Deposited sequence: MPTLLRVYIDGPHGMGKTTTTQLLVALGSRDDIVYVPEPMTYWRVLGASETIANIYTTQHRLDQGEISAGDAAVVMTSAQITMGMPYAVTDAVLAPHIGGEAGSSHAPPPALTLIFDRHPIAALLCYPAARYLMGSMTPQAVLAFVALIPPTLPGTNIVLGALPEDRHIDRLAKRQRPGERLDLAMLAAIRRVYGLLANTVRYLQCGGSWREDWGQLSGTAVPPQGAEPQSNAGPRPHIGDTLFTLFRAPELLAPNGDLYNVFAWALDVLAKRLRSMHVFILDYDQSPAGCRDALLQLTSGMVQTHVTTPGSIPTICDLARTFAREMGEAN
């Protein structure tokens, strides 16, 4: 069968991502803005930022913020969820690629990365973050995740330039979110280096120290038994997290440059990403139509 290349450009918002991918037998699946602002619900992004603002002003409580916050993360990952779902069966085993799919963000941003950041923000229960993790679909072969690198003040400047409507410059949420992708990038090398959280978990009391991995966020008092132990339910959700992330291929793009440069770099990492065969002759065309119809309908 012919081969495919799936590339998910991911990282914190405000790093110039959509811009540089649009500057790129290659389809680009955008961010489903229409689905957030209109299809799934009314102005999901506004809701997120507003709510946290009410929590920051104490106009509402950590728990009401959690439910609203929780209910929104659902609307945000839905389009990505279904795409991976319908896409999954066509992807074959790892292997010029007959089709290159550039996606704007992977599902883990919705089922892991943003949820965690909001936890880090006192707006999402760690119990909920782990519920989402538990739902992270299996990791198809050839899943290349590009995460971005960019100096803080530079990223603050950028965050400032363009924001979806309803947003708010939230410098904490920036640091919260920059923290997560940083930890996530660390977890992957850890898992890949042979690290076992169960074996290293006691330390929280050639590879990253589990203190610099995503595992360190779940030493959360609400996840532990009166004697300090993690409840098994939760220990298992970390076996899923471990399971899902270890197979991903993470590629770093330095965003501290010009779109032309970022673009030129993005295409550059491509030389080492992993391709896979498709399942049917007609997989490529079906995939091509899905990615174009996804774009057409949800990209504003």
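No C-alpha coordinates anywhere in a stretch? Then put that deposited-sequence range on the list, in order along the chain.
Unobserved in coordinates, per deposited numbering: 25-31, 103-108, 219-234, 330-331.
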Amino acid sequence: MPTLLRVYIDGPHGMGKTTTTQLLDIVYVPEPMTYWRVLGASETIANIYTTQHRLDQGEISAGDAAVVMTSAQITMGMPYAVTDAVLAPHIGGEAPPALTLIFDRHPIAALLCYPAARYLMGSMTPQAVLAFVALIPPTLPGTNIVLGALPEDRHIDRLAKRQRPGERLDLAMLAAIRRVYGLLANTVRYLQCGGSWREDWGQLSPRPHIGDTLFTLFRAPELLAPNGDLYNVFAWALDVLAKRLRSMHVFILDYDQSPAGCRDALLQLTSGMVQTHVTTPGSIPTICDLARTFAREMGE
From here on, numbers count along this sequence of modelled residues.
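Think of the rigid core as the biggest set of C-alphas that the two forms share within 1.5 Å after superposition.
Which stretch is less alike in 8 other deposited structures of this protein, 226-234 or 134-142, counting RMS CA distance after the rigid core is superposed?
With the rigid core fitted, 226-234 is the stretch that strays more in 8 other deposited structures of this protein.
Line up the rigid core: which moves more in 8 other deposited structures of this protein, 153-161 or 77-85, by C-alpha RMS?
Between 153-161 and 77-85, greater C-alpha deviation in 8 other deposited structures of this protein belongs to 153-161.
Can you tell me whether residue 126 lacks a model in a third or more of the other compared entries?
No, residue 126 has coordinates in all the other entries compared.
Could you find out if residue 166 - modelled in this structure - is missing from at least a third of the other PDB entries compared that contain residues on either side?
In at least a third of the other entries, residue 166 has no coordinates.
Using the B-factors recorded in the PDB entry, average over the C-alpha atoms of 59-67 and of 244-252, then report which stretch comes out higher.
Mean B over CA atoms: larger for 59-67.
Per the entry, where is the mean C-alpha temperature factor higher: 39-47 or 255-263?
Taking the mean B-factor of the alpha carbons in each, 255-263 is higher.
Largest Cα B-factor, entry values, listed residues 86, 116, 150, 204
Reading the PDB entry, the winner on C-alpha B-factor is 204.
Among 34, 232, 271, 52, where is the Cα temperature factor highest, going by the PDB entry?
Out of 34, 232, 271, 52, the record gives the largest C-alpha B-factor to 271.
Name the third of the chain's ranked CA B-factors that contains residue 14, choosing lowest, middle or highest.
Middle third, going by the recorded CA B-factors of the chain.
Sort the modelled residues of this chain by their C-alpha B factor and say whether residue 160 lands in the lowest, middle or highest third.
Its C-alpha B-factor belongs to the highest third of this chain's values.
For residue 209, does the deposited CA B-factor place it in the lowest, middle or highest third of the chain?
As the PDB entry reports it, the C-alpha B-factor of residue 209 lands in the highest third of its chain.
Tell me, lowest, middle or highest third: where does the Cα B factor of residue 140 rank within its chain?
Middle third - that is where residue 140 ends up once the chain's C-alpha B-factors are sorted.
Relative C-alpha B-factor of residue 154, binned into the chain's lowest, middle or highest third:
Ranked within chain, residue 154 CA B lands in the middle tercile.
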